[PDB]
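Note sheet for the following structure.
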Amino acid sequence: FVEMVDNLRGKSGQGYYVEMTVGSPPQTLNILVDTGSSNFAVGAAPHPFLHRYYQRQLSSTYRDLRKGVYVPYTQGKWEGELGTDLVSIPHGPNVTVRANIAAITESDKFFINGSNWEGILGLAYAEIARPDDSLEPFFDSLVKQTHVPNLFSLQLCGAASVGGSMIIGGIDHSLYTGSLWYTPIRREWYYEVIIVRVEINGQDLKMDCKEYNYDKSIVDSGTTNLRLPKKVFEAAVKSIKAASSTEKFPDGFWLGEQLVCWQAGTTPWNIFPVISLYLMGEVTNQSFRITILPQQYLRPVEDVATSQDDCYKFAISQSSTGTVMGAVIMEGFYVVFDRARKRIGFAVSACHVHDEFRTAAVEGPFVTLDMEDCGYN
Ligand SMILES: Nc1ncccc1NCc1ccccc1
């Protein structure tokens, strides 16, 4: 696993990518690591933002599945032609596998101008694979065809240019301190989990925990933000707003309509609360909490063309897809996707950005009653 440590790169806000090779001879692409989706889809046409792209005509081991896929978002979309070919991961295990590939032939708001990736690796489960669960995701293909164990772990750092590690098939104990705690994967579609309690600085939100997982809580390397549903966002904001009242800021900033700024060497960390999410634990009435800092939900806007100060976006934001534990959360922690045991483990990350006062923590056990009532149906 030394071989896999530090095999992820990226740029702030533009996600984390791993090098992969597709086809024979191998074509190298940088692929986005995305636990919020289940499709393996690379650019197959010379879109002008793309550094590289898949040239099926150059690969002897390509096979057309003679079907299409249309995949919309808001209001991004991509569209492609299904096939299969031999995929490999240079800084992953030493294997080559035949996985499904969507040759992306048309997209909107999908590719990022500036980014250095050309495709997406959906690592979540078949139930949400487009066009349907017949299309076996890459990781299912990898485990099904090799002795690679049914688990992967992610250490997302971010110091600009970000870095991380995706350990395919195991856990690198150097990447985290203290102990892993595990929350059950509630269903194998997205990596769904159940938040049972939310505190800000310590004081909980006393809010029907069901609203925390309405209609989903997921773990999503594809998203930058911590995204909370409507009311929860409201409630958290108000409490973060209160907690933080040493100063005042515009209403827009909280809604991610504005940025807020201080000068170099002049941000007040402490004037901001910590956030704790308690997650359903492995045993009945047993939970554990993950605690982030504001260095995780105030992320600098790398380069703001009309400003030479220190600004930051409020990286907590609202939703109707559900809760979304994105970069904000995952950068605090080493996150083990133990697919083999339907569970996600969290440990304080050896590379997260702490100061000398506070630190990100994973702690337990706590006693939380009625944890199954927080899930929605
Ligand atoms: N996982 C995920 N979350 C939110 C929106 C999209 C998404 N997957 C597709 C995606 C495309 C481009 C960049 C990031 C994610």
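Heads up: the sequence shown is residues -1 to 157, 168 to 385, going by the authors' numbering. Virtual Cβ for every residue (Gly too), placed ideally from N, Cα, C.
Assigned secondary structure, residue i (DSSP; H/G/I helix, E/B strand, else coil)
i      : result
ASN28  : strand
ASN98  : strand
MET215 : coil
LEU183 : helix
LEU287 : strand
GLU265 : coil
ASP4   : coil
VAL146 : coil
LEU301 : coil
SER247 : helix
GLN153 : strand
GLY260 : helix
Neighbour-count burial assignment, residue i, 16 or more Cβ in a 10 Å radius
i      : result
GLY230 : buried
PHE365 : exposed
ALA250 : exposed
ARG96  : exposed
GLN25  : buried
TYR71  : exposed
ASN98  : buried
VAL141 : buried
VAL375 : exposed
CB contact flag (residue i, residue j, <7 Å)
i      : j      : result
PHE38  : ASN111 : no
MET2   : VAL204 : no
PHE280 : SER253 : no
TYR198 : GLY353 : no
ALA100 : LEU80  : yes
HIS89  : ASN5   : yes
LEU188 : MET174 : no
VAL40  : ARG128 : no
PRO258 : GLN266 : yes
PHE109 : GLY74  : no
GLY156 : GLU310 : no
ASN114 : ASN209 : no
Cβ distance (whole Å) where residue i is taken to contact residue j below 8 Å
i      : j      : result
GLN211 : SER247 : 7 Å
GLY383 : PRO237 : Rounded, the Cβ-Cβ distance is 14 Å, inconsistent with contact.
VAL361 : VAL370 : 16 Å between Cβ atoms; not a contact.
*Just checking, does the segment 308 to 322 make contact with the segment 206 to 226 on the three C-beta pairs under 8 Å criterion?*
no
*Given 8 Å as the limit, is there contact between the segment 230 to 247 and the segment 329 to 336, that is, 3 or more CB pairs closer than that?*
yes
*Could you say if the segment 51 to 67 and the segment 17 to 31 meet the contact criterion of at least three C-beta pairs nearer than 8 Å?*
yes
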